[PDB]
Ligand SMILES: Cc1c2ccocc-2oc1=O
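The data below hold one chain only, encoded as structure tokens and taken in the form deposited without 3-methyl-2H-furo[2,3-c]pyran-2-one.
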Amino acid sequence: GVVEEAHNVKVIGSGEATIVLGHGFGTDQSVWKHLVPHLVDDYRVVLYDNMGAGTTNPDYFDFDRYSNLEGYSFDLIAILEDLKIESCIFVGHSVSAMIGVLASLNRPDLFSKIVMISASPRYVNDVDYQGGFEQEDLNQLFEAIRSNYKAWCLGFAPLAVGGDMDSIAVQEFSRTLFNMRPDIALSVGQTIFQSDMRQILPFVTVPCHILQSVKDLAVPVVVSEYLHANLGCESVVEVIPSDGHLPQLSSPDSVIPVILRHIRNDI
């Protein structure tokens, strides 16, 4: 269908047991390349790209629709409905964790579990909340994006990925990041960095597994604690001894076994 094509949907396997994987800003479904091999024997695996990813048609990026994270949640529900999926485990990386959470408020019946990787409900600091960023520094970031997108990508990618700056993962993320149309990257970056999902956390009913690197440029460890304390569902936190915002791509040996444990085992 047109929705599935537009999001580059891939479905691997069949049967009831289903896992759906959603990616974060700057990357695409390829971020899951080290996880998927360990899932396909036990699950029907669904991969898709967020609208606005470099692998998607920019003509389909409706700025009004995606001005709130709910637009992405509607896309996710649409994909699940089109594929006739009545229940899944959802694994959400970065912004996709919150997209899955929002989708679960509208259709909790569609999700049995949410596994979050590098999630945050709020990046901007206030006097009683640490998200990791002051507004002035976000403003500088947006300025840099608009000034020279390629130069910004080259400087940002090693910081986001962490580890050695010359790594394959850094190069890969730099490529997928620059693959986004610059106006879409700027718009999406603003929408995500300015988001606030804190207030809806108490309404979540689907159990959540909260995973992150101990060193993550965009997610202070206190954010995992905040999610755990404020989510209205049963939840569990595991901070991984890894570096980076895309640790399933850049540090799979330490990160993949943790993700698999949380997928396979309930709280």
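Start at 1 and count along the sequence shown; that's the residue number.
From this point on, the text means the form solved in complex with 3-methyl-2H-furo[2,3-c]pyran-2-one, which you will not see here.
- Overlaying 3-methyl-2H-furo[2,3-c]pyran-2-one from its position in the bound PDB entry leaves no ligand atom within 2.4 angstroms of any backbone or C-beta atom here, which marks the pocket as open.
- Mapping the unseen interface onto this chain, residue 111 falls outside it, with no heavy atom inside 4.5 Å of 3-methyl-2H-furo[2,3-c]pyran-2-one in the bound PDB entry.
- Under a 4.5 angstroms non-hydrogen atom cutoff, 3-methyl-2H-furo[2,3-c]pyran-2-one in the bound PDB entry lacks residue 72 among its neighbouring residues.
- 3-methyl-2H-furo[2,3-c]pyran-2-one is not drawn, but in the bound PDB entry it has no heavy atom within 4.5 Å of residue 83.
- In the bound PDB entry, residue 218 approaches 3-methyl-2H-furo[2,3-c]pyran-2-one with a heavy atom inside 4.5 Å.
- Within 4.5 Å of 3-methyl-2H-furo[2,3-c]pyran-2-one in the bound PDB entry, a heavy atom is found for every one of 138, 141 and 245.
- Proximity to 3-methyl-2H-furo[2,3-c]pyran-2-one in the bound PDB entry, taken as heavy atoms within 4.5 Å, picks out 130 to 138 from the listed stretches 74 to 82, 130 to 138, 103 to 111, 164 to 172.
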